[PDB]
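Visitor:
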Amino acid sequence: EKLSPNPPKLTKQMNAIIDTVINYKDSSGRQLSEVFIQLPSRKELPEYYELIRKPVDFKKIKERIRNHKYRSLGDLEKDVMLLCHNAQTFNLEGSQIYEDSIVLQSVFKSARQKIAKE
Ligand SMILES: O=c1nc2n(c3cccc(Cl)c13)-c1cc(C3CCNCC3)ccc1C21CCCCC1
Ligand SMILES: [Zn+2]
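Every position in the sequence shown, counted from 1, becomes a number in PDB author numbering once 1373 is added.
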């Protein structure tokens, strides 16, 4: 089965996991994903592209689910962990963005364990 199409059930699970991550709010009602939806342009933040080898945003992850680029829930996981890794690489330790990216890793893993195990 190594090369085979993604079942509709799997694609639905992928979208539900990523929607849980994108929609996640703190107790104040702030949506943590907001800044991570779209990458900055190379004109507005050139130094991002000098430091980050493999840029990714949540828009691109949603596109990759739709175009069947993830072979597995593990491949989806790897791209979400890459996004969060890039945020921690570029942004200052202790910054809101840096901290938010750590919480989103946990939100992803919780959603995967709950949705795929139920
Ligand atoms: O790691 C990121 N740091 C950042 N971003 C990101 C956007 C998507 C994915 C990631 Cl993983 C990041 C990101 C995105 C923006 C967008 C650009 C288009 N207009 C909406 C805002 C602006 C600034 C950023 C930072 C955070 C703040 C400091 C500069 C860079
Ligand atoms: Zn399709």
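For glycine and all other residues, C-beta sits at the position ideal for the given N, C-alpha and C.
Let me check understanding here. Comparing Cα to Cα, which of 1438, 1415 and 1448 lies closest to residue 1392?
Guide: Measuring from the Cα of residue 1392, the nearest candidate turns out to be 1438.
Visitor: Any heavy atom of ligand 1 within a distance shorter than 7 Å of the CB on residue 1412?
Guide: Yes, Cβ of residue 1412 sits closer than 7 Å to a heavy atom of ligand 1.
Visitor: For the alpha helix (DSSP H) that residue 1471 lies in, which residues bound it at each end?
Guide: Where residue 1471 is concerned, the enclosing alpha helix (DSSP H) stretches over 1469 to 1488.
Visitor: Of all the options 1376, 1375 and 1390, which has the alpha carbon lying nearest to the alpha carbon of residue 1484?
Guide: Checked all of 1376, 1375 and 1390; the closest Cα to residue 1484 is 1390.
Visitor: Buried or exposed: where does residue 1459 fall if 16 or more other Cβ atoms within 10 Å of its Cβ makes it buried?
Guide: Result: buried.
Visitor: With a 10 Å radius around its C-beta and 16 neighbouring C-beta atoms as the bar for buried, classify residue 1406 as buried or exposed.
Guide: Buried.
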